[PDB]
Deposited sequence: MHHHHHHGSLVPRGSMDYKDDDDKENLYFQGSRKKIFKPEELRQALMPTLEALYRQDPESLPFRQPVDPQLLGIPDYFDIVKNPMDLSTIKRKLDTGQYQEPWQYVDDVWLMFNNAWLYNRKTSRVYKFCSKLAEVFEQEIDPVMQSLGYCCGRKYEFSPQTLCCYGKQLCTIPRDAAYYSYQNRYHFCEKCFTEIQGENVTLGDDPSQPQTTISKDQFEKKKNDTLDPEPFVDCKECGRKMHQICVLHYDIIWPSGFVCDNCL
């Protein structure tokens, strides 16, 4: 930013620690998350084959306590890294998975006013809904949220009912092997994209701060920097 906002460690600790404490308070649901994952002790020796960057409540607290975050979205990212690790490693029917989901529900209810007190639009990391996908074999056809579909290379998509590829009428089409696709479900949420305030440098969501009737020819400036 031009007049950059610098967060001092105590500012971040005092603002964000209540949201971490809200997770700690959940009993039984925080219990799997209060300490670093110890695969030999827990009997899950394949853990680090699947989880490459572990995260837990005690580590996040230590990072807040020692000023290891420069800005609060780094804290939000660590909280969701912790959650996403657990949703990846554990089965949907498992205790740890269900406890993770409770913690995420608590976090999402706590984080917005805290991030707003630090000058941000909100604290919400992910978009509200999966994006609607375009379906290749009809013109009209689209893949709604949570629908099943097939996909090659994350790009050419087909709804399973109508399941020779090209992305432009002038592009020579190629024959791809049906049985080289991957069946998927359209239930993934992407991170909400950001725009930086050109004065203070805070990352704000495009959807929160950019409006259909406003132009920013010299660059976005947030409400507090105006």
Self-check item: Deposited sequence positions missing from the model - stretches, numbered from 1, in order
Solution: 1-30, 194-201
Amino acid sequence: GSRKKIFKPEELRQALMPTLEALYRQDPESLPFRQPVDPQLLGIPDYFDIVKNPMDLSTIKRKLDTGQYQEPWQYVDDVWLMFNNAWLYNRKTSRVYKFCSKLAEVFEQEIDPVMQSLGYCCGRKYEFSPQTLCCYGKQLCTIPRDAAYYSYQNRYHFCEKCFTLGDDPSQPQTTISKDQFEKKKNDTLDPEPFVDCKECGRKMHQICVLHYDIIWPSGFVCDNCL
From here on, numbers count along this sequence of modelled residues.
Quiz item: Hey, does residue 180 drop out of the model in a third or more of the other PDB entries compared here?
Solution: yes
Exercise. Check whether residue 166 goes without coordinates in at least a third of the other compared PDB entries of this protein that model residues on both sides of it.
Key: yes
Exercise. Take the C-alpha B-factors listed in the entry for 94-102 and for 133-141, compute each mean, and give the stretch with the larger one.
Key: 133-141
Self-check item: Average Cα temperature factor in the PDB entry - higher stretch of 180-188, 38-46
Solution: 180-188
Practice problem: By the entry's C-alpha temperature factors, tell me which of 162, 31, 60, 200 sits highest. | Solution: 162
Quiz item: From 80, 120, 107, 150, which pick has the Cα B-factor that tops the rest in the entry?
Solution: 150
Quiz item: Among the chain's modelled residues, which third holds the C-alpha B-factor of residue 154?
Solution: highest
Practice problem: Determine, from the deposited record, the chain-internal third of the Cα B-factor for residue 56: lowest, middle or highest. | Solution: lowest
Quiz prompt | Where the record places residue 20 (Cα B-factor, split into thirds across the chain) | solution = lowest
Practice problem: Using the B-factors in the PDB entry, rank residue 215's C-alpha atom against the chain and give the third, lowest, middle or highest. | Solution: highest
Quiz prompt | Third of chain Cα B-factors occupied by residue 127 | solution = middle
